[PDB]
Structures are given as structure tokens and as C-alpha cells.
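Chain order of the listed sequences is G and D. Here PDB author numbering is used: the first residue of the first sequence is 107, the next is one more, and so on. Numbered per PDB author numbering, the second sequence spans residues 71 to 76, 96 to 104, 200 to 594, 608 to 719, 749 to 787. In this text, a Cβ means the ideal position worked out from N, Cα and C, and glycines have one as well.
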Amino acid sequence: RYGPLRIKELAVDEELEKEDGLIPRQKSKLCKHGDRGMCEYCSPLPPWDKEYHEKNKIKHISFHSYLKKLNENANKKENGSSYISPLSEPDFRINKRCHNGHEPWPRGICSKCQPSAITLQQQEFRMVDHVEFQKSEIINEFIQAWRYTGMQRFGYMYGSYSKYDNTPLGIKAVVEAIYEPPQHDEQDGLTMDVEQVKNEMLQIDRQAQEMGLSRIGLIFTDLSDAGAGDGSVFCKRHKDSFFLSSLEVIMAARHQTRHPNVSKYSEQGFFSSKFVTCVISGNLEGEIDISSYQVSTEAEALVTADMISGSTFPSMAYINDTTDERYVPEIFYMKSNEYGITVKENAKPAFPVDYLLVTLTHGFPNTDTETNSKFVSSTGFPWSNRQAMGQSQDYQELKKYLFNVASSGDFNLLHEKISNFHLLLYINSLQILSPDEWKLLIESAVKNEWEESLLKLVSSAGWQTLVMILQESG
Amino acid sequence: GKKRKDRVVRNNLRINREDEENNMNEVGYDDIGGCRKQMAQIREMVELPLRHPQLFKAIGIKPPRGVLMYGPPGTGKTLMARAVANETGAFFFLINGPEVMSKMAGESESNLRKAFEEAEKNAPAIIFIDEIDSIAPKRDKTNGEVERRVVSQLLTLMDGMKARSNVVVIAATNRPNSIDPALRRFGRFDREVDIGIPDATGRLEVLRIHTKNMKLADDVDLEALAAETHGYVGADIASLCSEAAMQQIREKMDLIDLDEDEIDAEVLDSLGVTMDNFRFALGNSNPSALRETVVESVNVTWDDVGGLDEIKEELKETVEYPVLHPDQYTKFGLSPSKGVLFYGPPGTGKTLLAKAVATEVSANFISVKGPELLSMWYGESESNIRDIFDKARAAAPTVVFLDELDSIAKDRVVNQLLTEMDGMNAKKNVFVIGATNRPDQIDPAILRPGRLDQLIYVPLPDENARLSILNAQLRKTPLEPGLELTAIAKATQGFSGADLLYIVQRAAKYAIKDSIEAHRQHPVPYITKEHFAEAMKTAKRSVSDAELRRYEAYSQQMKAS
Ligand SMILES: Nc1ncnc2c1ncn2[C@@H]1O[C@H](COP(=O)(O)OP(=O)(O)OP(=O)(O)O)[C@@H](O)[C@H]1O
Ligand SMILES: Nc1ncnc2c1ncn2[C@@H]1O[C@H](COP(=O)(O)OP(=O)(O)O)[C@@H](O)[C@H]1O
Ligand SMILES: [Zn+2]
Ligand SMILES: [Zn+2]
């Protein structure tokens, strides 16, 4: 394209790419030179400096810094090339159309369209660094579901991305609300029809985008209470055993491949979706601390061409066999032995999945800093698909929840009782309101400076009809 | 003020304290001596591009980017580069060869790229790649893959920066041959600066600079030390000063106690260096610059060569007129002579004559003794014929004096020398002199046109020449008043200058023996005629009669042609 590709991505990526991240350093005691001029120790530290990370207890290099490293390593300016694109996602599907003279793969294959051996190796750049929950109620209610019922749960989480200063050119995914799809949960697992779930999630995603949110991951609970009198749970997931079994890694890789991250520095324009997966199991103690993970890019491109399946051993993923329409070359997973030497071990039968993960760091915002929460909610109207419990969205619930405040006033109280995710979704499903009426509803509920917008909403006819039907209904 | 600085004010302008005390950098132009020409060249190449870029833009040219700088170790190459960088008052990024070549795989290239990029960012910039021969050595010696990778990275960076940039790269290497040849083309280290051993004035200046803080005693003759010190580079002079100080300490150790932790300041007040300490340091000095070919500086005039007036005027016509009067040659379109070969009995003063010729045109002098040529023939020497001629080109004008040329010219070395001579630029004033004693044995291929075609015979000194040589050799030796040497000169018919020097040596040896005997018995400030008489009685010609006859016959035969 005679230069950088032209394409539009999120604002976070743009602002990150604007910066440089150089970490300044002062005159070391080892320098031998005047004030001006810098030898080798006073030079600015590149943002991708591996020593700085491992010295600061940071395990991966904040993908944007990885992009800076790749751009610096090559692409000399004004000469030397015509901008060979630096990033390219792995692709293991056999080229069905090569034709050096041979026929398609099923009955012929040369040495140019033969997928070469795949060398698994733990990734070094984590696209999304810090997953952050605006309010602990978001996950507290989610766990409360299991508390009441005892069965496991699973839900997508909506939110948006932003900068993260604590890591060089790092990103954080701030989750605002959680949405629960219709699943047939059980004791040891859960089941949910994929087709219906995606059909529902399509319109839920459309509405959320109308609200400004976005789908940025899936969170599920692997919790089993112990026999202790108080609340204690066994820690089945730690260094000794698996972190995420093969099935969860497969599902995470599928989801990541289905939410590509549009970028400007690749041949296809996308790379390594920003889609964090979180799991709740309980730390070594009786707590219910959460975690986070994200499957590496190879596993993302390793499961598009099948080639992986779950295994009875939790921590190992079974490998499939060759057949027409699916060519699976030898897989070598490269570790480092205790003597600091890299060792390649062929793993056709099964290999650990810890080479197909990168870890994140969960957290919560400081409880005495600026609160930019979109929703002051998560304690009120029943959530969507909690039919199994006594929870059930319906007219009488709305009457009991937002009739006394609505009929009198308390615009502060009305606003705080109107900025709830699930309530907004339900009243939207009611269809009692017109398009622009619902637009002003959301702009009043999910925004600051909301006085005139709420006044306009109440002054509208649609809200009057809604409150009238609420009054009519018991 | 000075050194880009802007009693307390004087100290601040240079007109915990340990950090600066041990970091006494900012070695300005006043901390270098004896390299005025090289320093001027470096200043022209560096300051002007950075200080006043508008000149080259007005003319419309691109100033040189790379500035190679090579010479014997210990001549202050790194010090000169640091002084230039500090005086120019411009950003500059150090790179120490061994340091870059002493890091894990895949990081040396990272350091090089970071250096070049950062120097680019803060233009104007001066990147000083020290010991470049340790990161880009000759191809054959270093077949390691990492070395090739580093060399390629350096080449890529060097080529890729020459674009509207105020970055000047300065490199230091022992010899011009060690560096990979790929780093000596256009758009790279094209302009090169050679540094040679200083002359007497240079050594005096170096001693002045180094012996400024030492508490010298009033009885110092630094001029005498400078005259005696020959072949001493600056590092050796610093070592000499250190050794003198240590000798003073050892002498004063009697009045001091080692076990005592404190040392009395009153004793320290008496730490005065003496001439004896400097002479002892000379005794313990180990100069090594001359072990390899180096561009020297000679200061012999037409007074240390007696007689041979016709040869002197012939040499003048052959050498001085081209260099001194190129306009006439251009007018007549005559290419100046490119060499000359001296033949004759050994010890007739060929080397002194060549040194005088070199001094006349005020040009540098390079000596290539026969053992060095044989060592290169066996291929066990650091230098090389190509290296010699490259240094001669760099330090032009120069006179390259091949000595004992018969040994090699009884093959590989002769052919290589012929190729180098043919490839030399005719216009450039660089001359090659040859010394030999077997003109017949010399390969005829050398004496072809465009080569050492001029043949000059050096006869044995005559009576007047012998007298002049005797007078010259005895300039530094005391003599009895009213002592005549005409008798010795006439009695020494057929002797060569070396024989006359041997006679003087023997006479002075007898005189010193007598002085030693007299002192031991306990008077001999002068040399009496008896010493010379006995020495002559114990002296003989070093030239065989048959060789003289054949030399004269050869000269007559050549004249007939
Ligand atoms: N004019 C001078 N010429 C040479 N040396 C000088 C001069 N003035 C001072 N010196 C001293 O001589 C020594 C020169 O050492 P220096 O490290 O500069 O030499 P070098 O061989 O060029 O170095 P490098 O190891 O970088 O090749 C230092 O002690 C310097 O202080
Ligand atoms: N005009 C002269 N003729 C001969 N010898 C001289 C003359 N002037 C000085 N000498 C002495 O002759 C010696 C010549 O030494 P050298 O040049 O090594 O040998 P050669 O003369 O064979 O080249 C010097 O030590 C020098 O003192
Ligand atoms: Zn430094
Ligand atoms: Zn093919």
C-alpha cells in the first residue's frame, strides 16, 4: 500500500500509538563522560525492556510496547523497503489452492503448501492487561446466584477499554455490567444451546452498543463449597493442578476468534482479540477471589483449524488426527529445563495447556477516588435469565420497584433507580416507548448532566402511558 | 568563559567533590600537544558541519559523515576524539567496542541501533565508536556468525543515516587494515586521519602538559629529556612521569614508616622530583611504537650530509621542484618522477640523505626496514605493504624509504609492491626511495618506467666529506683545544662514514676507560690525540677491494649506456 495501511480502530489504540513510552534514566554512577552525552547506561529505557518488567514483577509486555519493538526492529524510514507489514496472525489451514502442478490437497500436495511443524511456546504480549470491576456488586450478585441455587453459572460481561498507567503502554478493560444467557446449569457443569444464545446476544449487543457498552469477555464460576461451617471452598485450581481445563481454553479461543481486534498494522487488519475470560474458584484459603486469563495467539489460530479437543486429564488437551479437509502437522511444545536450556518435546498424545495461556490481573477501583460508574445499580430489579430462582422480571416487579418513586418525584432517587442495566433492557423489551424516547431514556440514565433529559422524559407521553399501565397493573 | 562554561568564578569557568575529582573530563584543546595538524583536520571535519551548517548549504554540498582515525596505540586517539566532542559542545554518544561485543546474543545490535537512533534524535550529534576494529574486524579472521551480524547491522545503520542529518561518526582503530574493507567506501568512513609518533617539539609539549601538577625540582632540563626520548608516544611519557614519581617516593621512603597509617605533611612538602629520577625512568621505560611501521617526522638538513653536492642538486631537481613548483609542471604537462633508487657501498649515508630529502619538502617520512619486509614475506607481521601505502596516502605528502631492498628482490612481496606502486596516484606527491647494495640482484621488473627508474650512486666520502663527517660526529663530544682532524681524514682514505663513527666510538671508549680508572684509583675532561691515534691503529676499512672495483665498473658501464 506504499505505506501504513488505512483503517479505523478504537480510540485507546490510537492514543497509545501516539505516545512513545520511553522511560527516562539519570546519570548512573558507572558513567564516564561530561554532563551532556550518554554512553550505554544513561540512555532512555525502551518500553519493552525485558529486564525492567521482570524486575518490576510484570510478566508480559503490554502488547502496544510489542508493536513498538517490532516497528523499531525494522521498517527504516525513507528507504530500505516499502513497508512490509510487521504483524501477521498465525494461520494453519492448508492452502487448498497452491498448484505448482499438483492437484488440491485431498489427492496431492507439494512441499510449498504443506503446513510446517508448529512450535508452541508461551506468549510474551498480553493484549489486555488489567480487568477492572466498577463495583463489587457486579460479581457479588453473580455469585449470589450460585449461593441461592447451588448450581454453576455463566455470563458475558459488558464494558469498555481504557489506558492503564501501571504498565508501560498498558490497557484495562472496565466492566460495567454482567448479562446472563439462558443456560441449563447443573452441579458439575452447565449447558447452553449456542444458536439461541447467539441469537439473543445479537440484539442484546445491539442495545448495549446503543447504550455505549460492548462485550468484553465471559465470566463463569467453578465453585464447590466445603464441609466447613462457615463459607469455605476447596481450591481445585492452582499451580499443582490445572488453571483452566482444556474445554474452557477451547471455548475462550473460539470466542476470541469471533471478536477480532481491528488493527492497522496487519495484512488482514485484525489481530489477537481483546476478550478477557475470568473464572471464580477460590484461592488457597476459603475466599472466592476471581482470576483472569486469555488464550495465546497460536491457540486462537490452532482451534480454527480444529486440531485440539478436550481430554480426561484436566490440564492436557488431546490432539486430533489427519483426514481430508484437515491436515495436522507435528506439534512441538518448547520449554526450558532447570539448567536454562530450551528443550523441544514432541507431544502428539497430549500436551499441557499452560503454553496456551497468558495471565491478567484483576482488581477494583480505589474506594476513595473519582467514581465514573455508568450504572449505580446491581441491587434491585431481578436480572434477566434467573427463572430458576424466584427472580422473574414482570409488571408487578416493576410496580413494586419503581412506582412509589415514580409517582411522587425525587429526581435524584428516580435517577438512581433508573440507571440499572437490566431494568433498562426489560423496559426496552416492553416496547411501550418510541425509538427517540428510548434514546433520551438511555441518555438520561447513563450520563451525567441529566436534569433536562430526565425532565423531557417525564414530560413525554410514552412515560405517562407506562406509569399509567403500571398503576393499572397490581 | 572557557570550555562552554557560563577565584570562585574563575574556578567555575575554568579560567561530594569526588564525582568530579575522578571525573576530570572536559579535556579541551589545551590538554593535547604535538598533533596540531591532525587536530586541525579533525576540527575542520567536525566543528564546521555542526557549528555553521549554513556554509555548506550555501555552497550546496554534503559534508563528510564518517571520520576514520587510526594510529599506533597510546597516541591519544580516544583523548583527541573526546577533546573534540567536548569542545564542540554538542551531544555525543559513546560506544566502546569491547563493551558492545560483550553482551548476550541479540543485544549488541540493539545497543548499536539505540546509539544511532538516539544520536539522530538530538542532532547535532557526534557518535564516537571506539575500538571499532573489535566489532568490525577483518572478514577472514572472524568467521563467527555474531560478528558478521554486528558488522551488517553497523553497515546498515551507517548507510541509512546519511539524509539531512547533522550526525558525524568518529572511529578509532590501531591500523587501517583491521577494519572490514566494506567500511571504507563512499557514504561511510571515507575521510581518514593518520596519527604518527610526535617529534622533539611534540614530546616537549607532552611533557609540559603532563608535568604541570607534579612538584618538580628546579634542576630539570625537560628539553634534554625531550631530545633523549625518541619513539615515545604520549602514553609512554605519562608512564615515564609516573615512574619518576615512584622513584622519588622510594628514595624518600627512608624518612617514612610503612607501618604508620598517617604520613607527616612535612615530609610530603619535600617530595621534589629530580633529573636522576627521570633518567632512571628512561632506564626502566619500554617504548614499543617503533615495533611496527609508523609515520615519523624527520628534521635533517643539507648539513649532516657531507659532500655529494651533485647528488644533492639532482635530488632537489627531482623532488623539490614538483612539490614546490607544481604550476610549471602543469604548464609544461610533465609528470614528476615517481621514485629513485640508491646504490653503493653500505654506510655511505643513504638513510641520512633520504631523511634530509624528506625534510626539505617538509613532508612526513616512513621507514620500512628489511626485517619487516621479510616478516611480511613470511606473513607473520601485523602490518602489510597495502597498509604501509595506505598510511602513506593518508599522511601525504610522504617519503617511503624501503631499506635493505636486496633481500626481498633477490615473488609475492615484489609483485605486491609493484601493484601498489602502479596503483598510486601520479599527481599526489608521494615518493618511494630505495636502498640496496646489490643493484644487479635487484629484480629488473622494479626498474621499469613509472617505478624506481632513477638510479643514484652513493660513493665513499672524499677528504672534505670525511672531514665534515668527523666534525659532525664530534659535535656532542668534548675535544681537547687545538685538536686537528685533517691528519685523521687524510689517513682514512677509502673509509666509509660507519668506519669513521667506529673510530670515534673506540677513541671515546678509551677515554672513558681512562677516566674510570682514574676515578677508581682516587681529571679526564678532554680527549687527547693519543686516543684517536690508537683508535685509528685499531681500525680498518669495512669495504672489500673487489666490491669497490665491481661497483665502479658497474657505474662506468651504466654511464656508457
Ligand atoms: N597529546 C597527547 N598525545 C598522546 N597522549 C597524550 C597526550 N596528552 C596526554 N596524553 C596521555 O596519553 C595517554 C593516551 O591514552 P589514550 O587512551 O588516549 O590512547 P589511545 O591509544 O588513543 O586509546 P584507545 O585505548 O581508546 O585506543 C593518556 O594518558 C593521555 O592522558
Ligand atoms: N655524508 C655522510 N657519509 C657517510 N656517512 C655519514 C654521513 N653523514 C653521517 N654519516 C653517518 O653514517 C651512518 C649511516 O648509517 P646508515 O644510513 O644506517 O647506513 P648507510 O649509510 O649504509 O645507509 C650514520 O650513523 C651517520 O652518523
Ligand atoms: Zn553515561
Ligand atoms: Zn502446493
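Original post:
Can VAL584 of chain D and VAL552 of chain D be called in contact, C-beta distance under 8 Å?
Top reply: Yes. Within cutoff.
Original post:
Which residues does DSSP pair with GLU451 of chain G in a beta bridge?
Top reply: G:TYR439
Original post:
DSSP state of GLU677 of chain D, grouped into three classes?
Top reply: coil
Subject >> Neighbour flag for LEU278 of chain D against chain G, beta carbons, 8 Å >> reply: For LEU278 of chain D, the answer is yes, since a Cβ of chain G falls inside 8 Å of its Cβ.
**OP:** Could you please give the first and the last residue of the uninterrupted alpha helix (DSSP H) stretch that includes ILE284 of chain G?
**Re:** It is not in any alpha helix (DSSP H) - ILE284 of chain G instead sits in the beta strand (DSSP E) that spans 276–285.
**OP:** Assess, as a yes-or-no matter, whether the stretch 220–238 of chain G is touched by the stretch 431–442 of chain G under the definition of 3 or more beta carbon pairs within less than 8 Å.
**Re:** yes
Original post:
DSSP on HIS166 of chain G, reduced to helix/strand/coil?
Top reply: coil
Original post:
Cβ of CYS341 of chain G less than 8 Å from any chain D Cβ?
Top reply: no
Original post:
For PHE277 of chain D, which of helix, strand or coil comes out of DSSP?
Top reply: strand
Original post:
Quick one: does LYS182 of chain G have its CB under 8 Å from some CB of chain D?
Top reply: yes
**OP:** Could you name the residues of the stretch 258–275 of chain D whose beta carbon sits closer than 9 Å to any beta carbon of chain G, in the order they occur along the chain?
**Re:** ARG266, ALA269, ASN270, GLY273, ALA274 and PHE275
Original post:
Which parts of the stretch 235–304 of chain G are runs of the alpha helix (DSSP H), unbroken and 4 residues or longer, counting only runs that do not cross its ends?
Top reply: 243–255
Subject >> Counted within 10 angstroms of its Cβ, other Cβ atoms place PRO110 of chain G as buried (16 or more) or exposed >> reply: exposed
Subject >> Any beta strand (DSSP E) of 3 or more consecutive residues that is wholly inside the stretch 342–395 of chain D >> reply: 351–357 and 375–378
Subject >> Reduced DSSP secondary structure (H/G/I, E/B, other) of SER565 of chain G >> reply: helix
Original post:
What residues in its chain sit with their C-beta under 8 Å from that of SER693 of chain D, if we drop five residues either side in the sequence?
Top reply: Taking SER693 of chain D as the centre and dropping the five residues before and after it, the same chain places the C-beta of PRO529, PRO530, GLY531, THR532, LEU657, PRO658, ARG767, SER768 and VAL769 closer than 8 Å to its C-beta, in chain order.
**OP:** May I ask you to report which of helix, strand or coil DSSP gives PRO541 of chain G?
**Re:** helix
**OP:** From the DSSP output, read off the bridge partner residues of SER551 of chain D.
**Re:** D:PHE585
Original post:
Is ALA289 of chain D helix, strand or coil when you go by DSSP?
Top reply: In the structure shown, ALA289 of chain D falls within a coil segment according to DSSP collapsed to helix, strand and coil.
Original post:
Which of the three DSSP states, helix, strand or coil, is assigned to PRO458 of chain G?
Top reply: strand
Original post:
Can you list, in chain order, every residue whose CB sits closer than 6 Å to a heavy atom of ligand 3?
Top reply: Every residue whose Cβ sits closer than 6 Å to any heavy atom of ligand 3 is listed here in chain order: G:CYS137, G:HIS139, G:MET144, G:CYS145, G:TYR147 and G:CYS148.
Original post:
Ends of the beta strand (DSSP E) at residue 48 of chain G?
Top reply: Summary: the structure shown does not reach residue 48 of chain G, with chain G confined to residues 107 through 580, and so no result is reported for it.
Original post:
Would a check of beta-carbon distances place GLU497 of chain D closer than 8 Å to chain G?
Top reply: no
**OP:** Give me the Cα-Cα distance between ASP141 of chain G and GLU271 of chain D, rounded to the nearest whole angstrom.
**Re:** 13 Å
**OP:** Could you give the DSSP three-state label for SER567 of chain D: helix, strand or coil?
**Re:** coil
**OP:** Reducing DSSP to helix, strand and coil, say where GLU228 of chain D ends up.
**Re:** helix
Subject >> Own chain partners of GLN337 of chain D with C-beta closer than 6 Å, once the 5 adjacent residues on each side are dropped >> reply: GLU293 and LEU296
Subject >> Coil, strand or helix - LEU520 of chain G by DSSP >> reply: Assignment of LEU520 of chain G by DSSP, reduced to helix, strand and coil, places it in the helix class.
Subject >> Span of the beta strand (DSSP E) around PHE628 of chain D >> reply: 627–633
Original post:
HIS139 of chain G touches chain D at which residues, Cβ-Cβ below 7 Å?
Top reply: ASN209 and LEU278
Subject >> Distance between beta carbons of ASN101 of chain D and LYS72 of chain D, contact taken as under 8 Å >> reply: Not really, about 10 Å apart at Cβ, beyond 8 Å.
Subject >> Contact residues within the stretch 214–225 of chain D, judged by C-beta distance below 9 Å to chain G >> reply: none
**OP:** Could you pull out every unbroken alpha helix (DSSP H) segment of at least 4 residues lying fully inside the stretch 518–545 of chain D, listed in chain order?
**Re:** 534–544
Original post:
Is any heavy atom in ligand 4 found nearer than 7 Å to the beta carbon of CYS384 of chain G?
Top reply: False, no ligand heavy atom lies under 7 Å from that Cβ.
Original post:
Who are the neighbours of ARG131 of chain G on chain D, taking C-beta pairs under 7 Å?
Top reply: The contacting residues do not exist; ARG131 of chain G stays about 12 Å from chain D at best.
Subject >> Delimiting residues of the alpha helix (DSSP H) encompassing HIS468 of chain G >> reply: Where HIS468 of chain G is concerned, there is no enclosing alpha helix (DSSP H), although the beta strand (DSSP E) it sits in stretches over 467–469.
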